[PDB]
$ cat protein_20.txt   # compact mmCIF, N, CA, C and O atoms
# COMPACT_ATOMS: atom_id res chain seq x y z
N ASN A 255 153.05 159.91 146.63
CA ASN A 255 152.85 158.65 145.93
C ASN A 255 153.09 157.47 146.85
O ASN A 255 152.50 156.40 146.67
N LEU A 256 153.95 157.64 147.85
CA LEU A 256 154.15 156.60 148.85
C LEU A 256 152.88 156.41 149.66
O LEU A 256 152.43 155.28 149.88
N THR A 257 152.27 157.51 150.10
CA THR A 257 151.04 157.40 150.86
C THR A 257 149.90 156.90 149.99
O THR A 257 148.93 156.33 150.50
N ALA A 258 150.00 157.10 148.68
CA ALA A 258 149.02 156.53 147.76
C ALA A 258 149.19 155.03 147.66
O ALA A 258 148.21 154.28 147.66
N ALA A 259 150.44 154.57 147.57
CA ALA A 259 150.70 153.14 147.56
C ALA A 259 150.21 152.49 148.83
O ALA A 259 149.40 151.55 148.81
N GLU A 260 150.71 152.98 149.96
CA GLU A 260 150.31 152.45 151.25
C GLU A 260 148.80 152.53 151.41
O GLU A 260 148.18 151.64 151.98
N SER A 261 148.19 153.60 150.88
CA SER A 261 146.74 153.68 150.85
C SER A 261 146.14 152.50 150.12
O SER A 261 145.17 151.89 150.58
N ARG A 262 146.72 152.14 148.97
CA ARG A 262 146.23 150.98 148.24
C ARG A 262 146.38 149.72 149.06
O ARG A 262 145.57 148.79 148.96
N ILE A 263 147.41 149.66 149.90
CA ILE A 263 147.52 148.54 150.83
C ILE A 263 146.34 148.56 151.78
O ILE A 263 145.74 147.52 152.07
N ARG A 264 146.00 149.74 152.28
CA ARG A 264 144.99 149.89 153.32
C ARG A 264 143.72 150.56 152.82
O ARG A 264 142.94 151.07 153.63
N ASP A 265 143.51 150.59 151.51
CA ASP A 265 142.24 151.06 150.98
C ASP A 265 141.11 150.16 151.47
O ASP A 265 141.31 148.97 151.71
N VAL A 266 139.93 150.75 151.65
CA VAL A 266 138.68 150.01 151.76
C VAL A 266 137.75 150.55 150.70
O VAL A 266 137.66 151.77 150.50
N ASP A 267 137.05 149.65 150.02
CA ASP A 267 135.88 150.01 149.23
C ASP A 267 134.71 150.01 150.20
O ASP A 267 133.98 149.03 150.32
N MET A 268 134.57 151.13 150.91
CA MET A 268 133.53 151.28 151.92
C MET A 268 132.15 150.97 151.36
O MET A 268 131.26 150.55 152.11
N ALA A 269 131.95 151.20 150.07
CA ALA A 269 130.74 150.74 149.41
C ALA A 269 130.63 149.23 149.48
O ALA A 269 129.64 148.69 149.99
N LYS A 270 131.64 148.52 148.97
CA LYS A 270 131.63 147.07 149.04
C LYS A 270 131.65 146.60 150.48
O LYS A 270 130.94 145.66 150.85
N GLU A 271 132.48 147.23 151.29
CA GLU A 271 132.71 146.76 152.64
C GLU A 271 131.44 146.89 153.47
O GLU A 271 131.11 146.02 154.28
N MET A 272 130.69 147.97 153.25
CA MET A 272 129.39 148.13 153.89
C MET A 272 128.37 147.19 153.28
O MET A 272 127.47 146.71 153.97
N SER A 273 128.47 146.95 151.98
CA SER A 273 127.51 146.08 151.32
C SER A 273 127.64 144.66 151.83
O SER A 273 126.65 143.92 151.89
N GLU A 274 128.85 144.26 152.19
CA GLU A 274 129.09 142.92 152.68
C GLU A 274 128.92 142.85 154.18
O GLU A 274 128.66 141.78 154.73
N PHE A 275 129.09 143.98 154.86
CA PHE A 275 128.62 144.07 156.23
C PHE A 275 127.13 143.80 156.28
O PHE A 275 126.66 142.92 157.02
N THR A 276 126.39 144.55 155.48
CA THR A 276 124.96 144.35 155.32
C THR A 276 124.66 142.91 154.96
O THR A 276 123.87 142.24 155.63
N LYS A 277 125.29 142.42 153.89
CA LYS A 277 124.97 141.09 153.39
C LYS A 277 125.23 140.04 154.44
O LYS A 277 124.42 139.14 154.64
N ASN A 278 126.36 140.14 155.12
CA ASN A 278 126.69 139.15 156.13
C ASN A 278 125.73 139.23 157.29
O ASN A 278 125.46 138.21 157.95
N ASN A 279 125.18 140.41 157.56
CA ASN A 279 124.11 140.49 158.55
C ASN A 279 122.86 139.80 158.04
O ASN A 279 122.17 139.10 158.80
N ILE A 280 122.55 139.97 156.76
CA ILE A 280 121.39 139.31 156.18
C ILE A 280 121.55 137.81 156.27
O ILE A 280 120.61 137.08 156.57
N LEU A 281 122.76 137.33 156.00
CA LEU A 281 123.00 135.90 155.98
C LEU A 281 123.01 135.35 157.38
O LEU A 281 122.57 134.21 157.62
N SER A 282 123.50 136.14 158.33
CA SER A 282 123.36 135.78 159.73
C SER A 282 121.90 135.58 160.07
O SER A 282 121.48 134.47 160.39
N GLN A 283 121.10 136.64 159.93
CA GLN A 283 119.69 136.60 160.30
C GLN A 283 118.96 135.48 159.57
O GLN A 283 118.07 134.84 160.13
N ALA A 284 119.31 135.27 158.31
CA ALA A 284 118.73 134.18 157.54
C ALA A 284 119.03 132.85 158.20
O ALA A 284 118.12 132.06 158.48
N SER A 285 120.31 132.60 158.45
CA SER A 285 120.72 131.37 159.11
C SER A 285 120.04 131.21 160.46
O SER A 285 119.67 130.10 160.85
N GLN A 286 119.81 132.32 161.15
CA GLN A 286 119.09 132.28 162.41
C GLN A 286 117.68 131.77 162.20
O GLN A 286 117.25 130.83 162.87
N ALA A 287 116.96 132.37 161.25
CA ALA A 287 115.64 131.87 160.89
C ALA A 287 115.67 130.39 160.59
O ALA A 287 114.76 129.63 160.97
N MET A 288 116.74 129.94 159.94
CA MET A 288 116.87 128.53 159.63
C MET A 288 117.09 127.69 160.88
O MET A 288 116.73 126.51 160.90
N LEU A 289 117.67 128.27 161.93
CA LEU A 289 117.85 127.50 163.16
C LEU A 289 116.57 127.46 163.97
O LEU A 289 116.26 126.44 164.60
N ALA A 290 115.84 128.57 164.01
CA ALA A 290 114.53 128.56 164.62
C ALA A 290 113.68 127.48 163.98
O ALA A 290 113.19 126.58 164.66
N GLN A 291 113.59 127.52 162.66
CA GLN A 291 112.78 126.55 161.95
C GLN A 291 113.34 125.15 162.12
O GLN A 291 112.58 124.17 162.19
N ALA A 292 114.66 125.03 162.22
CA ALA A 292 115.28 123.74 162.50
C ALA A 292 114.84 123.21 163.85
O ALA A 292 114.79 121.99 164.05
N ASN A 293 114.53 124.10 164.79
CA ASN A 293 113.94 123.67 166.04
C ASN A 293 112.46 123.38 165.87
O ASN A 293 111.93 122.47 166.52
N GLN A 294 111.79 124.09 164.97
CA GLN A 294 110.35 123.93 164.82
C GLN A 294 110.00 122.58 164.23
O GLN A 294 108.98 121.98 164.59
N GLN A 295 110.81 122.10 163.30
CA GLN A 295 110.50 120.83 162.62
C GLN A 295 110.40 119.65 163.58
O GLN A 295 109.34 118.99 163.60
N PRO A 296 111.42 119.31 164.38
CA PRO A 296 111.31 118.10 165.20
C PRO A 296 110.26 118.20 166.30
O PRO A 296 109.73 117.17 166.73
N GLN A 297 109.99 119.42 166.78
CA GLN A 297 108.82 119.64 167.63
C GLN A 297 107.59 119.02 166.99
O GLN A 297 106.86 118.24 167.61
N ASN A 298 107.37 119.37 165.73
CA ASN A 298 106.25 118.81 164.99
C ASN A 298 106.39 117.31 164.81
O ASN A 298 105.41 116.58 164.92
N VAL A 299 107.61 116.81 164.54
CA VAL A 299 107.79 115.37 164.36
C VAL A 299 107.25 114.63 165.58
O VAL A 299 106.35 113.78 165.47
N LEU A 300 107.74 114.99 166.76
CA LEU A 300 107.31 114.28 167.96
C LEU A 300 105.83 114.52 168.22
O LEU A 300 105.06 113.57 168.38
N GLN A 301 105.41 115.78 168.25
CA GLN A 301 104.07 116.06 168.74
C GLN A 301 103.01 115.55 167.79
O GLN A 301 101.90 115.21 168.22
N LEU A 302 103.32 115.46 166.50
CA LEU A 302 102.39 114.86 165.55
C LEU A 302 102.49 113.34 165.57
O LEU A 302 101.57 112.67 165.08
N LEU A 303 103.58 112.77 166.09
CA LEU A 303 103.65 111.32 166.28
C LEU A 303 104.21 110.94 167.64
O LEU A 303 105.10 110.10 167.76
N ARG A 304 103.67 111.57 168.69
CA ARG A 304 103.89 111.14 170.06
C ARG A 304 102.72 110.27 170.49
O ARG A 304 102.53 109.16 170.01
N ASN B 255 176.50 203.37 132.48
CA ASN B 255 176.33 202.10 131.79
C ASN B 255 176.56 200.93 132.74
O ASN B 255 175.98 199.86 132.56
N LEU B 256 177.39 201.13 133.76
CA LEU B 256 177.57 200.11 134.78
C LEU B 256 176.28 199.91 135.55
O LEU B 256 175.84 198.78 135.78
N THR B 257 175.65 201.01 135.96
CA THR B 257 174.40 200.90 136.69
C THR B 257 173.29 200.38 135.80
O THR B 257 172.31 199.81 136.29
N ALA B 258 173.42 200.56 134.49
CA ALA B 258 172.48 199.97 133.56
C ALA B 258 172.66 198.47 133.48
O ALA B 258 171.69 197.71 133.46
N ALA B 259 173.91 198.02 133.43
CA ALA B 259 174.19 196.59 133.44
C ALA B 259 173.67 195.96 134.72
O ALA B 259 172.87 195.01 134.68
N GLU B 260 174.13 196.47 135.85
CA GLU B 260 173.71 195.95 137.13
C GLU B 260 172.20 196.02 137.25
O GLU B 260 171.57 195.13 137.82
N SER B 261 171.59 197.07 136.69
CA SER B 261 170.14 197.14 136.62
C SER B 261 169.57 195.94 135.89
O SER B 261 168.59 195.34 136.33
N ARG B 262 170.18 195.58 134.76
CA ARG B 262 169.72 194.40 134.04
C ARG B 262 169.87 193.15 134.88
O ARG B 262 169.07 192.21 134.77
N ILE B 263 170.87 193.11 135.75
CA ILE B 263 170.96 192.01 136.69
C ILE B 263 169.76 192.03 137.62
O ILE B 263 169.16 190.99 137.91
N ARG B 264 169.39 193.22 138.09
CA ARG B 264 168.36 193.37 139.10
C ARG B 264 167.10 194.03 138.55
O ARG B 264 166.29 194.53 139.34
N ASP B 265 166.92 194.03 137.24
CA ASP B 265 165.66 194.48 136.67
C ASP B 265 164.53 193.58 137.14
O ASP B 265 164.73 192.39 137.40
N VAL B 266 163.34 194.16 137.29
CA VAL B 266 162.09 193.41 137.37
C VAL B 266 161.18 193.93 136.27
O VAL B 266 161.09 195.14 136.05
N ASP B 267 160.51 193.01 135.59
CA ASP B 267 159.36 193.35 134.77
C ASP B 267 158.17 193.35 135.70
O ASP B 267 157.44 192.36 135.82
N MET B 268 157.99 194.48 136.39
CA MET B 268 156.92 194.63 137.37
C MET B 268 155.56 194.30 136.78
O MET B 268 154.66 193.88 137.51
N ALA B 269 155.40 194.51 135.48
CA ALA B 269 154.21 194.03 134.80
C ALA B 269 154.11 192.52 134.89
O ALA B 269 153.11 191.97 135.38
N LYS B 270 155.14 191.81 134.42
CA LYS B 270 155.14 190.36 134.51
C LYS B 270 155.13 189.91 135.95
O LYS B 270 154.42 188.97 136.31
N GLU B 271 155.94 190.56 136.78
CA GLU B 271 156.13 190.11 138.14
C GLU B 271 154.83 190.25 138.93
O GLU B 271 154.49 189.38 139.74
N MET B 272 154.08 191.32 138.67
CA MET B 272 152.77 191.47 139.28
C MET B 272 151.77 190.52 138.66
O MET B 272 150.85 190.03 139.33
N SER B 273 151.91 190.26 137.36
CA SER B 273 150.98 189.37 136.68
C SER B 273 151.10 187.95 137.22
O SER B 273 150.12 187.21 137.27
N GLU B 274 152.31 187.57 137.62
CA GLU B 274 152.55 186.24 138.14
C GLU B 274 152.34 186.19 139.64
O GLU B 274 152.07 185.13 140.19
N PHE B 275 152.48 187.33 140.30
CA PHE B 275 151.97 187.44 141.66
C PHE B 275 150.48 187.15 141.67
O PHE B 275 150.00 186.28 142.41
N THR B 276 149.75 187.88 140.84
CA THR B 276 148.33 187.67 140.64
C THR B 276 148.05 186.22 140.29
O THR B 276 147.25 185.55 140.95
N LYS B 277 148.71 185.72 139.25
CA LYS B 277 148.42 184.38 138.76
C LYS B 277 148.67 183.35 139.83
O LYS B 277 147.86 182.44 140.03
N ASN B 278 149.78 183.47 140.54
CA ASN B 278 150.09 182.49 141.57
C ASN B 278 149.09 182.58 142.71
O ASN B 278 148.82 181.57 143.37
N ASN B 279 148.53 183.76 142.95
CA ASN B 279 147.44 183.84 143.90
C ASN B 279 146.20 183.13 143.37
O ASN B 279 145.50 182.44 144.12
N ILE B 280 145.93 183.28 142.08
CA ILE B 280 144.79 182.61 141.48
C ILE B 280 144.96 181.11 141.60
O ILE B 280 144.01 180.37 141.88
N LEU B 281 146.18 180.64 141.36
CA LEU B 281 146.43 179.21 141.37
C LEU B 281 146.41 178.68 142.78
O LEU B 281 145.98 177.54 143.02
N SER B 282 146.87 179.48 143.73
CA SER B 282 146.70 179.14 145.13
C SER B 282 145.23 178.94 145.44
O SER B 282 144.81 177.83 145.76
N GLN B 283 144.42 179.99 145.26
CA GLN B 283 143.01 179.93 145.59
C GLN B 283 142.30 178.81 144.86
O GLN B 283 141.40 178.16 145.40
N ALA B 284 142.69 178.58 143.61
CA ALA B 284 142.14 177.47 142.85
C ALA B 284 142.43 176.15 143.53
O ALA B 284 141.52 175.36 143.80
N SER B 285 143.71 175.92 143.82
CA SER B 285 144.11 174.70 144.50
C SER B 285 143.39 174.56 145.83
O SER B 285 143.03 173.45 146.23
N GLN B 286 143.14 175.68 146.51
CA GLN B 286 142.39 175.65 147.75
C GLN B 286 140.99 175.12 147.51
O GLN B 286 140.54 174.18 148.18
N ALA B 287 140.29 175.69 146.53
CA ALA B 287 138.98 175.18 146.15
C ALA B 287 139.03 173.69 145.86
O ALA B 287 138.12 172.94 146.23
N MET B 288 140.13 173.24 145.25
CA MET B 288 140.27 171.83 144.96
C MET B 288 140.47 171.01 146.23
O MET B 288 140.12 169.83 146.26
N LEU B 289 141.02 171.61 147.29
CA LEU B 289 141.17 170.87 148.54
C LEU B 289 139.87 170.82 149.31
O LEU B 289 139.56 169.81 149.94
N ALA B 290 139.13 171.93 149.31
CA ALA B 290 137.80 171.92 149.88
C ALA B 290 136.98 170.82 149.24
O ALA B 290 136.48 169.92 149.92
N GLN B 291 136.92 170.83 147.92
CA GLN B 291 136.14 169.85 147.20
C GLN B 291 136.71 168.45 147.40
O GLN B 291 135.96 167.47 147.48
N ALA B 292 138.03 168.35 147.55
CA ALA B 292 138.65 167.07 147.86
C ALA B 292 138.18 166.56 149.20
O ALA B 292 138.14 165.34 149.42
N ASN B 293 137.84 167.46 150.12
CA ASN B 293 137.23 167.04 151.37
C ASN B 293 135.75 166.73 151.16
O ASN B 293 135.21 165.83 151.81
N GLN B 294 135.10 167.42 150.23
CA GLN B 294 133.67 167.25 150.05
C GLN B 294 133.34 165.88 149.46
O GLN B 294 132.32 165.28 149.81
N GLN B 295 134.18 165.39 148.56
CA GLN B 295 133.90 164.12 147.90
C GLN B 295 133.78 162.94 148.86
O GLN B 295 132.73 162.28 148.86
N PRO B 296 134.78 162.63 149.70
CA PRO B 296 134.66 161.43 150.53
C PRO B 296 133.59 161.54 151.60
O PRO B 296 133.05 160.51 152.03
N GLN B 297 133.29 162.76 152.06
CA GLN B 297 132.10 162.98 152.87
C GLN B 297 130.89 162.34 152.21
O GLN B 297 130.15 161.56 152.82
N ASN B 298 130.70 162.66 150.94
CA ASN B 298 129.61 162.09 150.18
C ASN B 298 129.77 160.59 150.02
O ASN B 298 128.79 159.85 150.11
N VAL B 299 131.00 160.10 149.79
CA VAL B 299 131.19 158.65 149.64
C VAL B 299 130.63 157.92 150.85
O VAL B 299 129.74 157.06 150.73
N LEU B 300 131.08 158.31 152.04
CA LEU B 300 130.63 157.61 153.24
C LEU B 300 129.14 157.84 153.46
O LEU B 300 128.38 156.89 153.61
N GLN B 301 128.71 159.10 153.46
CA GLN B 301 127.35 159.37 153.91
C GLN B 301 126.32 158.83 152.94
O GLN B 301 125.20 158.49 153.34
N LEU B 302 126.67 158.74 151.65
CA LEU B 302 125.77 158.11 150.69
C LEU B 302 125.88 156.59 150.73
O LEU B 302 124.98 155.91 150.23
N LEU B 303 126.97 156.04 151.29
CA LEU B 303 127.04 154.60 151.51
C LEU B 303 127.57 154.24 152.89
O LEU B 303 128.47 153.41 153.04
N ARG B 304 127.00 154.88 153.91
CA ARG B 304 127.18 154.47 155.29
C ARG B 304 126.00 153.59 155.71
O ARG B 304 125.84 152.47 155.23
$ encode --input "protein_20.txt" --output "structure tokens"
Amino acid sequence: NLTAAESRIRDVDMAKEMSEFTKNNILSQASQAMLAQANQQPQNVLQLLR
Amino acid sequence: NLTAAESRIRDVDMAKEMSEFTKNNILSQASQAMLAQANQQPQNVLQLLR
């Protein structure tokens, strides 16, 4: 029961933990796409009004 | 009658005693199956959500 308690201290919901690993990767890649596009916009600003 | 008394001190119900030898072996093997399966479950947890 002690190792069960300590387990609860150090439990992982590997389902959740992997799901948020996944999700945080999705959000990373998403934010990356947003930075690419953030670079794409002002390129257009200048080149369409240079 | 003395050896009968002392016999009662050291009697065995070999029927019961063998029956519980048997039973405790059954319960051993059962618990073993439960440990195998206890190993089988988290294998599935990770591999189905790795």
$ interface_residues --input "protein_20.txt" --of "chain B" --to "chain A" --cutoff "7 Å" --atoms "all atoms listed in the file" --output "PyMOL selection string"
chain B and resi 299+303-304
$ calpha_fit_and_write --input "protein_20.txt" --fixed "chain B" --moving "chain A" --output "tab-separated table (two decimals) with N, CA, C and O atoms, in the frame of the given file"
chain	number	residue	atom	x	y	z
A	255	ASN	N	176.50	203.37	132.48
A	255	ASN	CA	176.33	202.10	131.79
A	255	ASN	C	176.56	200.93	132.74
A	255	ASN	O	175.98	199.86	132.56
A	256	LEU	N	177.39	201.13	133.76
A	256	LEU	CA	177.57	200.10	134.78
A	256	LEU	C	176.28	199.91	135.55
A	256	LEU	O	175.84	198.78	135.78
A	257	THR	N	175.65	201.01	135.96
A	257	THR	CA	174.40	200.90	136.69
A	257	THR	C	173.29	200.38	135.80
A	257	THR	O	172.31	199.81	136.29
A	258	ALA	N	173.42	200.56	134.49
A	258	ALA	CA	172.47	199.97	133.55
A	258	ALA	C	172.66	198.47	133.48
A	258	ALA	O	171.69	197.71	133.46
A	259	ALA	N	173.92	198.02	133.43
A	259	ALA	CA	174.19	196.59	133.44
A	259	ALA	C	173.67	195.96	134.71
A	259	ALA	O	172.87	195.01	134.68
A	260	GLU	N	174.14	196.47	135.85
A	260	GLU	CA	173.71	195.95	137.13
A	260	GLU	C	172.19	196.02	137.25
A	260	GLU	O	171.57	195.13	137.82
A	261	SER	N	171.59	197.08	136.69
A	261	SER	CA	170.14	197.14	136.62
A	261	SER	C	169.57	195.95	135.89
A	261	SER	O	168.59	195.33	136.33
A	262	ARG	N	170.18	195.57	134.76
A	262	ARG	CA	169.72	194.40	134.04
A	262	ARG	C	169.86	193.15	134.88
A	262	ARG	O	169.06	192.21	134.77
A	263	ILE	N	170.87	193.11	135.75
A	263	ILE	CA	170.97	192.01	136.69
A	263	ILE	C	169.76	192.03	137.61
A	263	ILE	O	169.16	190.99	137.90
A	264	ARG	N	169.40	193.21	138.09
A	264	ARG	CA	168.36	193.37	139.10
A	264	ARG	C	167.10	194.02	138.55
A	264	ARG	O	166.29	194.53	139.34
A	265	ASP	N	166.92	194.03	137.24
A	265	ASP	CA	165.66	194.48	136.67
A	265	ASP	C	164.53	193.58	137.14
A	265	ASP	O	164.73	192.39	137.40
A	266	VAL	N	163.34	194.16	137.28
A	266	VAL	CA	162.09	193.41	137.37
A	266	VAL	C	161.18	193.92	136.28
A	266	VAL	O	161.09	195.14	136.06
A	267	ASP	N	160.51	193.01	135.59
A	267	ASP	CA	159.36	193.35	134.77
A	267	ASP	C	158.16	193.35	135.70
A	267	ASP	O	157.44	192.36	135.82
A	268	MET	N	158.00	194.48	136.39
A	268	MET	CA	156.93	194.63	137.37
A	268	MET	C	155.57	194.30	136.78
A	268	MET	O	154.66	193.88	137.51
A	269	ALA	N	155.40	194.51	135.48
A	269	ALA	CA	154.21	194.03	134.80
A	269	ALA	C	154.11	192.52	134.89
A	269	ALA	O	153.11	191.98	135.38
A	270	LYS	N	155.14	191.81	134.41
A	270	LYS	CA	155.14	190.36	134.51
A	270	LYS	C	155.13	189.91	135.95
A	270	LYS	O	154.42	188.97	136.32
A	271	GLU	N	155.93	190.56	136.77
A	271	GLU	CA	156.13	190.11	138.14
A	271	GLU	C	154.84	190.24	138.93
A	271	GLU	O	154.49	189.38	139.74
A	272	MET	N	154.08	191.31	138.68
A	272	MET	CA	152.77	191.47	139.28
A	272	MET	C	151.77	190.51	138.66
A	272	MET	O	150.86	190.03	139.33
A	273	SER	N	151.91	190.25	137.36
A	273	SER	CA	150.97	189.37	136.69
A	273	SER	C	151.10	187.95	137.22
A	273	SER	O	150.12	187.21	137.27
A	274	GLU	N	152.31	187.57	137.62
A	274	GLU	CA	152.55	186.24	138.14
A	274	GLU	C	152.34	186.19	139.63
A	274	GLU	O	152.07	185.13	140.19
A	275	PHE	N	152.48	187.33	140.30
A	275	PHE	CA	151.97	187.44	141.66
A	275	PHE	C	150.48	187.15	141.67
A	275	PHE	O	150.00	186.28	142.41
A	276	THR	N	149.76	187.88	140.84
A	276	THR	CA	148.33	187.67	140.64
A	276	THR	C	148.06	186.22	140.30
A	276	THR	O	147.25	185.55	140.96
A	277	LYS	N	148.72	185.72	139.25
A	277	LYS	CA	148.42	184.38	138.76
A	277	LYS	C	148.67	183.35	139.83
A	277	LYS	O	147.86	182.44	140.02
A	278	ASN	N	149.78	183.47	140.54
A	278	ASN	CA	150.09	182.50	141.57
A	278	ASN	C	149.10	182.58	142.71
A	278	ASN	O	148.82	181.57	143.37
A	279	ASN	N	148.53	183.76	142.95
A	279	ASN	CA	147.43	183.85	143.91
A	279	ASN	C	146.20	183.14	143.37
A	279	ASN	O	145.50	182.44	144.12
A	280	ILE	N	145.93	183.29	142.08
A	280	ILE	CA	144.79	182.61	141.48
A	280	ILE	C	144.96	181.11	141.60
A	280	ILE	O	144.02	180.38	141.88
A	281	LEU	N	146.18	180.64	141.37
A	281	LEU	CA	146.43	179.21	141.37
A	281	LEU	C	146.41	178.68	142.78
A	281	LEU	O	145.98	177.54	143.02
A	282	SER	N	146.87	179.49	143.73
A	282	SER	CA	146.69	179.15	145.13
A	282	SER	C	145.23	178.94	145.44
A	282	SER	O	144.81	177.83	145.76
A	283	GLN	N	144.42	179.99	145.26
A	283	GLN	CA	143.00	179.94	145.59
A	283	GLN	C	142.30	178.80	144.86
A	283	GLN	O	141.40	178.16	145.41
A	284	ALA	N	142.69	178.58	143.61
A	284	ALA	CA	142.14	177.47	142.84
A	284	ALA	C	142.43	176.15	143.53
A	284	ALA	O	141.52	175.36	143.80
A	285	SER	N	143.71	175.92	143.82
A	285	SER	CA	144.11	174.70	144.51
A	285	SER	C	143.40	174.56	145.84
A	285	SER	O	143.03	173.45	146.24
A	286	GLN	N	143.14	175.67	146.51
A	286	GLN	CA	142.39	175.64	147.75
A	286	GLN	C	140.99	175.12	147.51
A	286	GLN	O	140.55	174.18	148.18
A	287	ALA	N	140.29	175.70	146.53
A	287	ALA	CA	138.98	175.18	146.14
A	287	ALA	C	139.03	173.70	145.87
A	287	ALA	O	138.12	172.93	146.23
A	288	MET	N	140.13	173.25	145.25
A	288	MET	CA	140.28	171.83	144.96
A	288	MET	C	140.47	171.01	146.23
A	288	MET	O	140.12	169.83	146.26
A	289	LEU	N	141.02	171.61	147.29
A	289	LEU	CA	141.17	170.86	148.53
A	289	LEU	C	139.87	170.82	149.31
A	289	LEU	O	139.55	169.81	149.95
A	290	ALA	N	139.13	171.93	149.31
A	290	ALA	CA	137.80	171.91	149.89
A	290	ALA	C	136.98	170.82	149.24
A	290	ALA	O	136.48	169.92	149.92
A	291	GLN	N	136.93	170.84	147.92
A	291	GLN	CA	136.14	169.85	147.20
A	291	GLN	C	136.71	168.46	147.41
A	291	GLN	O	135.96	167.47	147.47
A	292	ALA	N	138.03	168.35	147.54
A	292	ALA	CA	138.65	167.07	147.86
A	292	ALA	C	138.18	166.55	149.20
A	292	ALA	O	138.14	165.34	149.42
A	293	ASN	N	137.84	167.46	150.12
A	293	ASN	CA	137.22	167.04	151.36
A	293	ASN	C	135.75	166.73	151.16
A	293	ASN	O	135.21	165.82	151.81
A	294	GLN	N	135.10	167.42	150.23
A	294	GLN	CA	133.66	167.25	150.04
A	294	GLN	C	133.34	165.88	149.46
A	294	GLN	O	132.32	165.28	149.81
A	295	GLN	N	134.18	165.40	148.56
A	295	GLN	CA	133.90	164.12	147.89
A	295	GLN	C	133.78	162.95	148.87
A	295	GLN	O	132.73	162.28	148.87
A	296	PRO	N	134.79	162.63	149.70
A	296	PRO	CA	134.67	161.43	150.53
A	296	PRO	C	133.59	161.54	151.60
A	296	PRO	O	133.05	160.51	152.03
A	297	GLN	N	133.29	162.76	152.06
A	297	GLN	CA	132.10	162.98	152.87
A	297	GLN	C	130.89	162.34	152.21
A	297	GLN	O	130.15	161.56	152.82
A	298	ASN	N	130.70	162.67	150.94
A	298	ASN	CA	129.61	162.09	150.18
A	298	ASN	C	129.76	160.59	150.02
A	298	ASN	O	128.79	159.85	150.12
A	299	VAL	N	131.00	160.10	149.79
A	299	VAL	CA	131.19	158.66	149.64
A	299	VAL	C	130.63	157.93	150.85
A	299	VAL	O	129.74	157.07	150.73
A	300	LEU	N	131.08	158.31	152.04
A	300	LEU	CA	130.63	157.61	153.24
A	300	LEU	C	129.14	157.84	153.46
A	300	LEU	O	128.37	156.89	153.61
A	301	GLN	N	128.71	159.10	153.46
A	301	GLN	CA	127.35	159.37	153.91
A	301	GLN	C	126.32	158.84	152.94
A	301	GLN	O	125.20	158.49	153.34
A	302	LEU	N	126.67	158.73	151.66
A	302	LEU	CA	125.77	158.11	150.69
A	302	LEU	C	125.88	156.59	150.74
A	302	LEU	O	124.98	155.91	150.23
A	303	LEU	N	126.96	156.04	151.29
A	303	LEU	CA	127.04	154.59	151.51
A	303	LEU	C	127.57	154.24	152.89
A	303	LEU	O	128.46	153.41	153.04
A	304	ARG	N	126.99	154.88	153.91
A	304	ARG	CA	127.18	154.47	155.29
A	304	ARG	C	126.01	153.59	155.70
A	304	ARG	O	125.84	152.48	155.24
$ atom_distance --input "protein_20.txt" --atom1 "atom C of residue 262 of chain A" --atom2 "atom O of residue 290 of chain B"
22.5 Å
$ atom_distance --input "protein_20.txt" --atom1 "atom N of residue 300 of chain A" --atom2 "atom N of residue 283 of chain A"
26.3 Å
$ atom_distance --input "protein_20.txt" --atom1 "atom N of residue 284 of chain A" --atom2 "atom N of residue 296 of chain A"
18.8 Å
